[PDB]
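Undergrad: Starting off with a structure, shown below.
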2 protein chains.
Amino acid sequence: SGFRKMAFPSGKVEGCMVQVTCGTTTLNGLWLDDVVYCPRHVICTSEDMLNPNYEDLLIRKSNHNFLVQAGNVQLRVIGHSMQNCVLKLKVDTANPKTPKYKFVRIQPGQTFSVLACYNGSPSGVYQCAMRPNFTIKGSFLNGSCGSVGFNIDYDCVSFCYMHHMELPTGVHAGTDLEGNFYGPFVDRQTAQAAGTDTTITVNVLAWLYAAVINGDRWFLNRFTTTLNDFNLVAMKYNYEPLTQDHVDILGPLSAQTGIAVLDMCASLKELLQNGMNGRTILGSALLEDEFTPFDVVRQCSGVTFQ
Amino acid sequence: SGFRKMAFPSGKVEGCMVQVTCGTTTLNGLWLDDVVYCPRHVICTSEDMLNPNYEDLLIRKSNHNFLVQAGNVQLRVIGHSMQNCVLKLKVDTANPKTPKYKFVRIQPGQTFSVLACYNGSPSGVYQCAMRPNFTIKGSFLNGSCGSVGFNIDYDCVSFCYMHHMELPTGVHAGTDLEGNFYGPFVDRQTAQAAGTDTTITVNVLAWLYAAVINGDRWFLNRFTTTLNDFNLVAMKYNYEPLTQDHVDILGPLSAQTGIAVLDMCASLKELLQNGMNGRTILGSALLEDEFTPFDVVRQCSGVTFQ
Ligand SMILES: *[C@H](O)[C@H](C[C@@H]1CCNC1=O)NC(=O)[C@H](CC(C)(C)C)NC(=O)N1CC[C@@H]1c1ccccc1
Ligand SMILES: *[C@H](O)[C@H](C[C@@H]1CCNC1=O)NC(=O)[C@H](CC(C)(C)C)NC(=O)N1CC[C@@H]1c1ccccc1
């Protein structure tokens with residue numbers, strides 16, 4: 001038993017991380033087969049990052065302007081090109097540690113693990129959610145760009161995120177691995193801001209189920225509610241609406257605990273109207289929304305990856 | 001910026017994990033050079049685990065009773081012996097992925113990363129603290145025994161923990177890598193229980209510094225306090241006493257923020273007497289005590305590992 005914010009094991013991704021240097025800018029790259037992926041702003045200087053013309057800046061580079069470093073070994077760049085907001089650096093060596101992988105784009109509400117990296121060297125791993133406003137609440141300092149987010153499915157790594165920038169409220173913005181930003185952000189220095197966020201209702205419910213599986217039951221109640229009456233309360237507290245497909249996805253958790261989904265909604269309603277009254281749920285005094293129904297089943301049943 | 005519960009990258013440890021089977025018991029082992037380490041209760045059956053005589057049980061085994069599996073490759077056991085509560089299984093192949101490592105025992109209050117494993121296959125990674133009562137609040141199911149906890153120091157892996165059992169309150173107990181339990185627990189089925197815990201005061205203070213570094217300042221105050229008067233309040237709220245060495249260790253964080261350690265103590269005192277009043281600190285509505293001063297500096301300054 002127990003419940004923790006759990007990341008995927010990171011070894012398969014660690015073997016792909018390299019350091020990309022252009023001019024006086026160094027960030028991280030992701031090396032798969034004979035291509036290195038990295039944020040395109042590696043080609044900018046300090047005054048470039050104001051309002052750059054990336055096509056203009058790239059036509060003025062050649063292969064030898066890109067220093068790529070895989071540990072203590074230099075990778076020779078033999079071609080380069082831009083794909084939306086990422087660069088693709090063709091190198092003369094295929095990565096022998098290339099895992100089976102996919103490039104997939106995720107939905108707000110889904111989770112993934114981040115391998116934070118500096119100078120091509122991994123620094124730490126943690127679990128993140130894509131917020132409804134397409135930001136993530138990460139931990140990123142100077143030099144961390146090019147770090148990636150991923151999920152693991154048996155032996156296959158689904159890369160979903162590449163880091164690019166921090167917004168004024170201290171939250172983070174990036175692209176999928178085809179270089180397309182999550183949300184309405186650009187890789188320039190403008191006055192861009194996050195945009196109002198909501199709480200991921202389906203995930204809170206899944207986490208309430210994790211609590212029941214782990215022995216926290218004090219918030220359970222005999223009342224029930226219709227889906228419509230629950231969604232009237234969710235709107236009032238800035239929670240996003242719950243749909244019948246969310247109810248269906250909570251089916252397995254409902255059946256393992258014997259608590260009907262709409263009954264758990266009634267519990268959440270009371271928690272929203274009364275608060276917690278000095279108690280905690282799974283070590284938290286807030287309602288947690290960064291575990292999916294899948295995360296709960298995975299952890300509360302013991303699935304591995306090979 | 002940002003602050004997250006961050007684990008070390010796990011790849012160096014993933015390459016050491018194997019599956020150890022004896023009879024109908026399967027758990028995890030740690031394979032370094034030509035030795036596999038695992039919990040000694042792998043040799044017990046269901047009725048054995050009541051009140052076993054492990055020396056008796058081990059003399060009745062031979063090498064061929066231990067099936068060791070490194071992925072899809074079987075490791076031949078050529079010797080075995082008991083070291084306190086772990087078995088050492090000598091195999092005919094040295095692990096080619098053996099990192100530089102040490103076996104070190106930690107203090108209550110220090111942190112480490114756990115690589116949770118089933119059937120020799122890693123499942124997830126997360127950060128833990130050794131509680132003052134020598135338990136850890138983990139996430140462990142059947143089959144997870146033999147999973148290890150570790151820290152990384154540049155390229156060297158300091159193994160500090162091997163998992164053995166869950167206690168009645170849902171918390172977890174294990175040994176260091178020489179097989180000696182943390183705390184007053186035994187590897188038998190008895191009525192053993194955790195024992196009353198305390199809050200790790202020095203870590204709460206470090207986390208308050210992390211908050212200030214990240215822009216949460218609402219809890220700061222103009223008052224100060226003597227160390228003695230703070231420790232009178234800490235005792236009342238089940239916090240452990242703060243020593244002059246703790247103050248010294250908070251020096252660097254004090255100097256980066258400009259907030260004297262005893263001033264931050266005065267802030268903690270007010271937080272203990274008044275609570276939070278509906279506000280949060282680094283996304284938490286509780287005072288968090290599972291980050292060390294080192295964890296805060298590491299994350300808020302960007303140290304990597306190679
Ligand atoms: C690439 O390593 C960095 C990652 C940033 C640095 C601080 N935290 C991060 O996540 N990305 C940038 O530096 C990015 C460059 C472009 C303007 C070209 C997109 N800029 C920012 O992230 N900026 C400029 C304001 C924000 C920032 C916040 C906090 C500290 C430094 C910068
Ligand atoms: C080795 O894989 C397991 C790990 C346990 C299983 C559930 N959570 C864990 O952390 N260790 C044991 O099964 C251990 C064996 C000895 C008695 C020989 C030490 N026993 C327990 O951990 N037990 C028996 C009560 C507690 C338990 C709690 C919850 C579920 C199952 C067992």
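Residue names in the structure tokens use chain letters A, B, ... in the order shown, residue numbers from 1 in each chain, and ligand numbers from 1 in the order shown.
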Within 9 Å of residue 57 of chain A, counting only C-alpha atoms, which residues show up once you throw out same-chain ones fewer than 3 positions away? Write them as a PyMOL selection string, please.

TA: chain A and resi 43-44+48+52-54+60-61

Undergrad: Grab the residues selected above and save them as a PDB file, in the first residue's frame with N, CA, C and O atoms.

TA:
```
ATOM      1  N   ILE A  43      20.018  28.787 -31.576  1.00  0.00           N
ATOM      2  CA  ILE A  43      20.773  29.547 -32.574  1.00  0.00           C
ATOM      3  C   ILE A  43      20.780  31.042 -32.292  1.00  0.00           C
ATOM      4  O   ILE A  43      21.564  31.770 -32.916  1.00  0.00           O
ATOM      5  N   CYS A  44      19.973  31.513 -31.346  1.00  0.00           N
ATOM      6  CA  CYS A  44      19.872  32.931 -31.028  1.00  0.00           C
ATOM      7  C   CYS A  44      20.958  33.385 -30.061  1.00  0.00           C
ATOM      8  O   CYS A  44      21.437  32.624 -29.215  1.00  0.00           O
ATOM      9  N   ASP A  48      19.208  38.577 -30.209  1.00  0.00           N
ATOM     10  CA  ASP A  48      18.343  37.870 -31.150  1.00  0.00           C
ATOM     11  C   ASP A  48      17.009  37.506 -30.506  1.00  0.00           C
ATOM     12  O   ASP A  48      15.960  37.584 -31.158  1.00  0.00           O
ATOM     13  N   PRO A  52      13.174  37.550 -33.045  1.00  0.00           N
ATOM     14  CA  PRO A  52      14.030  36.925 -34.057  1.00  0.00           C
ATOM     15  C   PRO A  52      13.258  36.493 -35.296  1.00  0.00           C
ATOM     16  O   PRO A  52      12.044  36.285 -35.275  1.00  0.00           O
ATOM     17  N   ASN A  53      14.005  36.373 -36.393  1.00  0.00           N
ATOM     18  CA  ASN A  53      13.556  35.733 -37.628  1.00  0.00           C
ATOM     19  C   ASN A  53      14.365  34.441 -37.743  1.00  0.00           C
ATOM     20  O   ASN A  53      15.517  34.455 -38.197  1.00  0.00           O
ATOM     21  N   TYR A  54      13.767  33.327 -37.303  1.00  0.00           N
ATOM     22  CA  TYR A  54      14.526  32.090 -37.171  1.00  0.00           C
ATOM     23  C   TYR A  54      14.981  31.553 -38.519  1.00  0.00           C
ATOM     24  O   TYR A  54      16.068  30.975 -38.620  1.00  0.00           O
ATOM     25  N   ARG A  60      22.021  31.477 -41.986  1.00  0.00           N
ATOM     26  CA  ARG A  60      23.359  32.011 -41.749  1.00  0.00           C
ATOM     27  C   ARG A  60      24.257  31.077 -40.958  1.00  0.00           C
ATOM     28  O   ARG A  60      25.417  31.426 -40.724  1.00  0.00           O
ATOM     29  N   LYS A  61      23.754  29.925 -40.532  1.00  0.00           N
ATOM     30  CA  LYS A  61      24.548  28.907 -39.866  1.00  0.00           C
ATOM     31  C   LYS A  61      24.978  27.850 -40.878  1.00  0.00           C
ATOM     32  O   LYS A  61      24.396  27.724 -41.958  1.00  0.00           O
TER      33      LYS A  61
END
```

Undergrad: Which residues come within 9 Å of segment 249-264 of chain B, counting only C-alpha atoms, excluding same-chain residues fewer than 4 positions away, as a list in words?

TA: residues 202, 205, 206, 208, 209, 210, 212, 213, 220, 221, 222, 223, 224, 225, 226, 227, 230, 244, 245, 268, 269, 293, 294, 296 and 297 of chain B

Undergrad: Next, dump the selected residues to file, keeping only N, CA and C atoms, as a PDB file, in the first residue's frame.

TA:
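Written output follows (out-v2.pdb):
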```pdb
ATOM      1  N   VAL B 202      14.414  21.006  10.858  1.00  0.00           N
ATOM      2  CA  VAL B 202      15.404  21.653   9.995  1.00  0.00           C
ATOM      3  C   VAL B 202      14.954  21.640   8.538  1.00  0.00           C
ATOM      4  N   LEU B 205      12.259  24.322   7.671  1.00  0.00           N
ATOM      5  CA  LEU B 205      12.918  25.610   7.499  1.00  0.00           C
ATOM      6  C   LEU B 205      13.575  25.706   6.132  1.00  0.00           C
ATOM      7  N   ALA B 206      14.283  24.650   5.718  1.00  0.00           N
ATOM      8  CA  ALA B 206      14.892  24.645   4.395  1.00  0.00           C
ATOM      9  C   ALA B 206      13.837  24.838   3.312  1.00  0.00           C
ATOM     10  N   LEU B 208      10.899  26.353   3.691  1.00  0.00           N
ATOM     11  CA  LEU B 208      10.510  27.763   3.725  1.00  0.00           C
ATOM     12  C   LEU B 208      11.493  28.619   2.927  1.00  0.00           C
ATOM     13  N   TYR B 209      12.794  28.299   2.992  1.00  0.00           N
ATOM     14  CA  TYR B 209      13.772  29.035   2.185  1.00  0.00           C
ATOM     15  C   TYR B 209      13.555  28.803   0.693  1.00  0.00           C
ATOM     16  N   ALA B 210      13.287  27.550   0.295  1.00  0.00           N
ATOM     17  CA  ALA B 210      12.933  27.253  -1.094  1.00  0.00           C
ATOM     18  C   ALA B 210      11.747  28.087  -1.562  1.00  0.00           C
ATOM     19  N   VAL B 212      10.817  31.084  -0.373  1.00  0.00           N
ATOM     20  CA  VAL B 212      11.243  32.473  -0.553  1.00  0.00           C
ATOM     21  C   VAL B 212      12.028  32.626  -1.852  1.00  0.00           C
ATOM     22  N   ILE B 213      12.918  31.667  -2.145  1.00  0.00           N
ATOM     23  CA  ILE B 213      13.688  31.718  -3.385  1.00  0.00           C
ATOM     24  C   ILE B 213      12.752  31.702  -4.584  1.00  0.00           C
ATOM     25  N   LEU B 220       6.542  35.693   5.764  1.00  0.00           N
ATOM     26  CA  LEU B 220       7.647  36.394   6.392  1.00  0.00           C
ATOM     27  C   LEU B 220       7.117  37.456   7.352  1.00  0.00           C
ATOM     28  N   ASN B 221       7.961  37.820   8.305  1.00  0.00           N
ATOM     29  CA  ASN B 221       7.529  38.681   9.388  1.00  0.00           C
ATOM     30  C   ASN B 221       8.731  39.478   9.854  1.00  0.00           C
ATOM     31  N   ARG B 222       8.456  40.584  10.555  1.00  0.00           N
ATOM     32  CA  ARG B 222       9.520  41.432  11.086  1.00  0.00           C
ATOM     33  C   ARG B 222      10.071  40.939  12.420  1.00  0.00           C
ATOM     34  N   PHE B 223       9.331  40.107  13.151  1.00  0.00           N
ATOM     35  CA  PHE B 223       9.792  39.644  14.453  1.00  0.00           C
ATOM     36  C   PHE B 223      10.946  38.652  14.308  1.00  0.00           C
ATOM     37  N   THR B 224      11.622  38.414  15.431  1.00  0.00           N
ATOM     38  CA  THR B 224      12.641  37.378  15.546  1.00  0.00           C
ATOM     39  C   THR B 224      12.421  36.614  16.850  1.00  0.00           C
ATOM     40  N   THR B 225      13.292  35.645  17.113  1.00  0.00           N
ATOM     41  CA  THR B 225      13.178  34.831  18.314  1.00  0.00           C
ATOM     42  C   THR B 225      14.537  34.233  18.642  1.00  0.00           C
ATOM     43  N   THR B 226      14.745  33.946  19.926  1.00  0.00           N
ATOM     44  CA  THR B 226      15.919  33.187  20.319  1.00  0.00           C
ATOM     45  C   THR B 226      15.704  31.704  20.011  1.00  0.00           C
ATOM     46  N   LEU B 227      16.822  30.988  19.864  1.00  0.00           N
ATOM     47  CA  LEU B 227      16.765  29.553  19.621  1.00  0.00           C
ATOM     48  C   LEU B 227      15.996  28.834  20.726  1.00  0.00           C
ATOM     49  N   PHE B 230      12.226  29.414  20.435  1.00  0.00           N
ATOM     50  CA  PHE B 230      11.680  28.631  19.335  1.00  0.00           C
ATOM     51  C   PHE B 230      11.503  27.172  19.742  1.00  0.00           C
ATOM     52  N   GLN B 244      22.271  24.259  17.148  1.00  0.00           N
ATOM     53  CA  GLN B 244      23.160  25.223  16.504  1.00  0.00           C
ATOM     54  C   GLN B 244      23.757  24.657  15.219  1.00  0.00           C
ATOM     55  N   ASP B 245      23.980  23.339  15.153  1.00  0.00           N
ATOM     56  CA  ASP B 245      24.480  22.794  13.899  1.00  0.00           C
ATOM     57  C   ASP B 245      23.443  22.912  12.780  1.00  0.00           C
ATOM     58  N   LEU B 268       8.113  30.390  11.220  1.00  0.00           N
ATOM     59  CA  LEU B 268       7.570  29.061  11.474  1.00  0.00           C
ATOM     60  C   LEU B 268       6.725  29.045  12.742  1.00  0.00           C
ATOM     61  N   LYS B 269       7.170  29.744  13.788  1.00  0.00           N
ATOM     62  CA  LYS B 269       6.387  29.786  15.018  1.00  0.00           C
ATOM     63  C   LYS B 269       4.987  30.318  14.753  1.00  0.00           C
ATOM     64  N   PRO B 293      18.189  20.720   3.550  1.00  0.00           N
ATOM     65  CA  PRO B 293      18.891  21.904   3.037  1.00  0.00           C
ATOM     66  C   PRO B 293      19.684  21.613   1.772  1.00  0.00           C
ATOM     67  N   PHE B 294      20.288  20.423   1.685  1.00  0.00           N
ATOM     68  CA  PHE B 294      21.015  20.027   0.481  1.00  0.00           C
ATOM     69  C   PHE B 294      20.083  19.890  -0.716  1.00  0.00           C
ATOM     70  N   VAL B 296      17.374  21.465  -1.254  1.00  0.00           N
ATOM     71  CA  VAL B 296      16.946  22.791  -1.689  1.00  0.00           C
ATOM     72  C   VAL B 296      18.034  23.458  -2.521  1.00  0.00           C
ATOM     73  N   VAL B 297      19.268  23.480  -2.016  1.00  0.00           N
ATOM     74  CA  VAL B 297      20.384  24.039  -2.783  1.00  0.00           C
ATOM     75  C   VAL B 297      20.553  23.305  -4.117  1.00  0.00           C
TER      76      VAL B 297
END
```

Undergrad: For chain A against ligand 1, with a cut-off of 10 Å and counting only C-alpha atoms and all ligand atoms, what is the closest atom pair and its distance in Å to one decimal for every residue that makes the cut, ordered by chain and number, as CSV?

TA:
```
residue,atom,partner,partner_atom_place_in_ligand_line,distance
A:25,CA,ligand 1,2 (O),9.0
A:26,CA,ligand 1,2 (O),8.0
A:27,CA,ligand 1,2 (O),5.9
A:28,CA,ligand 1,2 (O),8.1
A:39,CA,ligand 1,1 (C),8.3
A:40,CA,ligand 1,18 (C),8.7
A:41,CA,ligand 1,18 (C),5.5
A:42,CA,ligand 1,18 (C),8.3
A:43,CA,ligand 1,18 (C),9.6
A:44,CA,ligand 1,18 (C),7.5
A:45,CA,ligand 1,18 (C),9.0
A:46,CA,ligand 1,18 (C),8.7
A:48,CA,ligand 1,18 (C),8.3
A:49,CA,ligand 1,18 (C),4.9
A:50,CA,ligand 1,17 (C),7.2
A:51,CA,ligand 1,18 (C),9.1
A:52,CA,ligand 1,18 (C),8.8
A:117,CA,ligand 1,2 (O),9.6
A:118,CA,ligand 1,2 (O),8.5
A:119,CA,ligand 1,2 (O),9.9
A:138,CA,ligand 1,10 (O),8.2
A:139,CA,ligand 1,10 (O),7.5
A:140,CA,ligand 1,10 (O),4.5
A:141,CA,ligand 1,8 (N),4.2
A:142,CA,ligand 1,6 (C),3.9
A:143,CA,ligand 1,2 (O),3.8
A:144,CA,ligand 1,2 (O),4.3
A:145,CA,ligand 1,2 (O),3.5
A:146,CA,ligand 1,2 (O),7.1
A:147,CA,ligand 1,2 (O),8.7
A:163,CA,ligand 1,10 (O),7.1
A:164,CA,ligand 1,11 (N),5.0
A:165,CA,ligand 1,22 (O),3.4
A:166,CA,ligand 1,22 (O),4.0
A:167,CA,ligand 1,26 (C),5.8
A:168,CA,ligand 1,28 (C),6.5
A:169,CA,ligand 1,28 (C),8.8
A:170,CA,ligand 1,28 (C),7.0
A:171,CA,ligand 1,10 (O),7.9
A:172,CA,ligand 1,10 (O),5.9
A:173,CA,ligand 1,10 (O),7.7
A:174,CA,ligand 1,10 (O),9.1
A:185,CA,ligand 1,19 (C),9.2
A:186,CA,ligand 1,19 (C),7.1
A:187,CA,ligand 1,19 (C),4.0
A:188,CA,ligand 1,17 (C),4.4
A:189,CA,ligand 1,17 (C),4.2
A:190,CA,ligand 1,17 (C),7.7
A:191,CA,ligand 1,25 (C),9.0
A:192,CA,ligand 1,25 (C),9.6
```

Undergrad: Near chain B, meaning an atom within 9 Å, which residues of chain A appear when counting only C-alpha atoms? Write them as a compact mmCIF listing (two decimals) with C-alpha atoms, in the first residue's frame.

TA:
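Okay, this is what ended up in out.txt:
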```
# COMPACT_ATOMS: atom_id res chain seq x y z
CA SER A 1 0.00 0.00 0.00
CA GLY A 2 0.85 3.73 -0.01
CA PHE A 3 0.53 6.39 -2.72
CA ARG A 4 3.31 8.62 -4.07
CA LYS A 5 3.91 10.97 -6.98
CA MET A 6 5.79 8.40 -9.05
CA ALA A 7 7.87 8.97 -12.17
CA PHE A 8 8.74 6.38 -14.79
CA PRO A 9 12.27 4.94 -14.57
CA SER A 10 14.43 7.30 -16.58
CA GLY A 11 17.30 5.15 -17.84
CA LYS A 12 15.99 4.75 -21.40
CA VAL A 13 15.80 8.54 -21.78
CA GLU A 14 19.13 9.22 -20.00
CA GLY A 15 20.94 7.35 -22.79
CA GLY A 71 29.16 12.65 -22.79
CA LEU A 115 13.99 14.26 -16.88
CA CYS A 117 18.96 18.07 -17.60
CA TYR A 118 21.86 20.55 -17.69
CA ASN A 119 24.74 20.44 -20.19
CA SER A 121 23.69 15.52 -18.00
CA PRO A 122 20.48 14.36 -16.26
CA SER A 123 19.82 16.06 -12.91
CA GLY A 124 16.50 14.73 -11.58
CA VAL A 125 13.20 13.14 -12.53
CA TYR A 126 9.63 14.08 -11.51
CA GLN A 127 5.98 13.71 -12.53
CA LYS A 137 4.29 23.38 -13.05
CA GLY A 138 7.90 22.21 -13.31
CA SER A 139 11.35 22.87 -11.92
CA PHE A 140 13.55 24.40 -14.62
CA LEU A 141 16.57 26.73 -14.40
CA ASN A 142 18.84 28.32 -17.00
CA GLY A 143 20.27 25.63 -19.26
CA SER A 144 17.42 23.15 -18.81
CA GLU A 166 9.31 29.92 -18.14
CA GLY A 170 6.82 30.71 -12.61
CA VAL A 171 5.14 28.02 -14.73
CA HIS A 172 6.62 26.40 -17.81
CA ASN A 214 -5.30 3.00 0.88
CA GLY A 215 -7.67 3.30 3.87
CA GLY A 283 -0.84 13.18 3.28
CA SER A 284 -2.33 16.24 1.53
CA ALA A 285 -4.44 19.08 2.91
CA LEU A 286 -5.50 20.04 -0.65
CA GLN A 299 0.33 2.25 -8.80
CA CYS A 300 -2.42 0.49 -6.81
CA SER A 301 -1.86 -2.69 -8.93
CA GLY A 302 1.90 -2.80 -9.69
CA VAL A 303 2.55 -2.56 -13.44
CA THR A 304 6.20 -2.60 -14.57
CA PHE A 305 8.08 -1.75 -17.77
CA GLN A 306 10.71 -3.68 -19.71
```

Undergrad: I'd like the contact shell of residue 241 of chain A - 8 Å cut-off, only C-alpha atoms, skipping same-chain residues fewer than 2 positions apart - returned as a list in words.

TA: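 Surrounding residues, per the criterion: residues 201, 231, 234, 235, 239 and 243 of chain A.
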
Undergrad: Can you list, as JSON, numbers by chain, all residues belonging to segment 218-287 of chain B that DSSP tags as alpha helix (DSSP H)?

TA: {"B": [227, 228, 229, 230, 231, 232, 233, 234, 235, 236, 244, 245, 246, 247, 248, 249, 251, 252, 253, 254, 255, 256, 257, 261, 262, 263, 264, 265, 266, 267, 268, 269, 270, 271, 272, 273, 274]}

Undergrad: Keeping only N, CA, C and O atoms, write those residues as a compact mmCIF listing (two decimals), in the first residue's frame.

TA:
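Generated output (part.txt):
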```
# COMPACT_ATOMS: atom_id res chain seq x y z
N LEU B 227 16.82 30.99 19.86
CA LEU B 227 16.76 29.55 19.62
C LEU B 227 16.00 28.83 20.73
O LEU B 227 15.21 27.92 20.45
N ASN B 228 16.21 29.24 21.99
CA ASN B 228 15.53 28.59 23.11
C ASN B 228 14.01 28.79 23.03
O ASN B 228 13.25 27.83 23.18
N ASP B 229 13.57 30.02 22.80
CA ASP B 229 12.13 30.27 22.73
C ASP B 229 11.49 29.56 21.54
O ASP B 229 10.33 29.14 21.62
N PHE B 230 12.23 29.41 20.43
CA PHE B 230 11.68 28.63 19.33
C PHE B 230 11.50 27.17 19.74
O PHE B 230 10.48 26.56 19.43
N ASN B 231 12.49 26.60 20.44
CA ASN B 231 12.44 25.18 20.76
C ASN B 231 11.36 24.86 21.79
O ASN B 231 10.91 23.72 21.86
N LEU B 232 10.94 25.86 22.58
CA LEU B 232 9.79 25.68 23.46
C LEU B 232 8.52 25.48 22.64
O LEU B 232 7.65 24.68 23.02
N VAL B 233 8.39 26.20 21.52
CA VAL B 233 7.21 26.07 20.67
C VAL B 233 7.27 24.79 19.85
O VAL B 233 6.26 24.11 19.66
N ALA B 234 8.46 24.43 19.36
CA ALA B 234 8.61 23.20 18.58
C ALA B 234 8.19 21.98 19.39
O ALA B 234 7.51 21.08 18.87
N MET B 235 8.58 21.93 20.67
CA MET B 235 8.19 20.80 21.51
C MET B 235 6.66 20.69 21.61
O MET B 235 6.11 19.58 21.58
N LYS B 236 5.97 21.84 21.70
CA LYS B 236 4.52 21.82 21.87
C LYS B 236 3.80 21.24 20.66
O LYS B 236 2.77 20.58 20.81
N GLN B 244 22.27 24.26 17.15
CA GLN B 244 23.16 25.22 16.50
C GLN B 244 23.76 24.66 15.22
O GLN B 244 23.99 25.41 14.26
N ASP B 245 23.98 23.34 15.15
CA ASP B 245 24.48 22.79 13.90
C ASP B 245 23.44 22.91 12.78
O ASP B 245 23.82 23.16 11.63
N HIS B 246 22.15 22.75 13.09
CA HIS B 246 21.10 23.00 12.10
C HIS B 246 21.13 24.45 11.61
O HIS B 246 20.96 24.72 10.41
N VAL B 247 21.32 25.40 12.53
CA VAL B 247 21.43 26.81 12.15
C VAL B 247 22.60 27.01 11.20
O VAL B 247 22.47 27.67 10.16
N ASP B 248 23.76 26.44 11.54
CA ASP B 248 24.92 26.54 10.67
C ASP B 248 24.63 25.97 9.28
O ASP B 248 25.00 26.56 8.27
N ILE B 249 23.96 24.81 9.22
CA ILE B 249 23.66 24.19 7.92
C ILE B 249 22.71 25.05 7.10
O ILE B 249 22.70 24.97 5.86
N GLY B 251 22.93 28.25 6.96
CA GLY B 251 23.68 29.44 6.65
C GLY B 251 23.63 29.85 5.19
O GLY B 251 23.19 30.96 4.86
N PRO B 252 24.08 28.97 4.28
CA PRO B 252 24.00 29.30 2.85
C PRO B 252 22.62 29.75 2.39
O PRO B 252 22.51 30.74 1.66
N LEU B 253 21.56 29.05 2.81
CA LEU B 253 20.21 29.48 2.44
C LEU B 253 19.86 30.83 3.06
O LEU B 253 19.24 31.68 2.41
N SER B 254 20.25 31.03 4.32
CA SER B 254 20.10 32.34 4.95
C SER B 254 20.79 33.43 4.15
O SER B 254 20.23 34.52 3.95
N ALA B 255 22.01 33.17 3.68
CA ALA B 255 22.77 34.23 3.02
C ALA B 255 22.26 34.53 1.62
O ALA B 255 22.38 35.67 1.15
N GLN B 256 21.69 33.54 0.94
CA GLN B 256 21.16 33.78 -0.40
C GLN B 256 19.87 34.58 -0.36
O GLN B 256 19.60 35.38 -1.27
N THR B 257 19.06 34.40 0.69
CA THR B 257 17.80 35.11 0.81
C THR B 257 17.89 36.37 1.66
O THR B 257 17.02 37.24 1.56
N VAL B 261 18.42 33.01 10.04
CA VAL B 261 17.79 31.74 10.38
C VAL B 261 16.77 31.92 11.50
O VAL B 261 15.62 31.48 11.40
N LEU B 262 17.17 32.61 12.58
CA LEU B 262 16.24 32.84 13.68
C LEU B 262 15.04 33.69 13.27
O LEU B 262 13.99 33.61 13.91
N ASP B 263 15.17 34.50 12.22
CA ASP B 263 13.99 35.20 11.72
C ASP B 263 13.03 34.21 11.05
O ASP B 263 11.81 34.30 11.23
N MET B 264 13.57 33.26 10.29
CA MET B 264 12.71 32.27 9.68
C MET B 264 12.06 31.38 10.72
O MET B 264 10.91 30.96 10.54
N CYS B 265 12.77 31.09 11.82
CA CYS B 265 12.15 30.39 12.94
C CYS B 265 10.92 31.13 13.45
O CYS B 265 9.87 30.53 13.69
N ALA B 266 11.04 32.45 13.64
CA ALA B 266 9.89 33.24 14.08
C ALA B 266 8.72 33.10 13.10
O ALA B 266 7.56 33.06 13.54
N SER B 267 9.00 33.03 11.79
CA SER B 267 7.94 32.79 10.82
C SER B 267 7.30 31.43 11.02
O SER B 267 6.07 31.29 10.96
N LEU B 268 8.11 30.39 11.22
CA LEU B 268 7.57 29.06 11.47
C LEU B 268 6.73 29.05 12.74
O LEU B 268 5.68 28.39 12.79
N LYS B 269 7.17 29.74 13.79
CA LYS B 269 6.39 29.79 15.02
C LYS B 269 4.99 30.32 14.75
O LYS B 269 3.99 29.71 15.16
N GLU B 270 4.89 31.45 14.05
CA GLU B 270 3.59 32.02 13.73
C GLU B 270 2.75 31.06 12.88
O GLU B 270 1.53 30.99 13.04
N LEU B 271 3.40 30.32 11.97
CA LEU B 271 2.67 29.35 11.16
C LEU B 271 2.15 28.20 12.01
O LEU B 271 1.08 27.65 11.72
N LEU B 272 2.88 27.83 13.07
CA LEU B 272 2.43 26.76 13.94
C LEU B 272 1.28 27.23 14.83
O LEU B 272 0.37 26.44 15.14
N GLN B 273 1.28 28.50 15.23
CA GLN B 273 0.27 28.98 16.16
C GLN B 273 -1.00 29.41 15.45
O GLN B 273 -2.09 29.32 16.03
N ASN B 274 -0.90 29.87 14.20
CA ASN B 274 -2.05 30.37 13.46
C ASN B 274 -2.46 29.51 12.29
O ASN B 274 -3.57 29.70 11.76
```

Undergrad: Which of these, B:289, B:175, B:107, B:134, has the shortest distance to ligand 2 once you count only C-alpha atoms and all ligand atoms?

TA: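 Among the listed residues, B:175 lies closest to ligand 2.
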
Undergrad: Could you work out how far atom CA of residue 291 of chain B lies from atom CA of residue 30 of chain B, giving the answer in Å with one decimal?

TA: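 Distance reported for this atom pair: 26.7 Å.
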
Undergrad: Can you tell me how far atom CA of residue 37 of chain B sits from atom CA of residue 88 of chain B, in Å to one decimal?

TA: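 Atom CA of residue 88 of chain B lies 5.0 Å from atom CA of residue 37 of chain B.
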
Undergrad: For residue 66 of chain B, list every protein, DNA or RNA residue within 9 Å, evaluated using only C-alpha atoms, and leave out those in the same chain fewer than 3 positions away; present the list as JSON, numbers by chain.

TA: {"B": [20, 21, 22, 23, 43, 61, 62, 63, 76, 77, 89]}

Undergrad: If you run DSSP on this backbone, which residues of segment 12-203 of chain A come out as strand (DSSP E), and could you give them as an MDAnalysis selection string?

TA: chainID A and resid 17:22 25:32 35:39 67:70 73:75 77:83 86:91 101:103 111:118 121:129 148:153 156:166 172:175
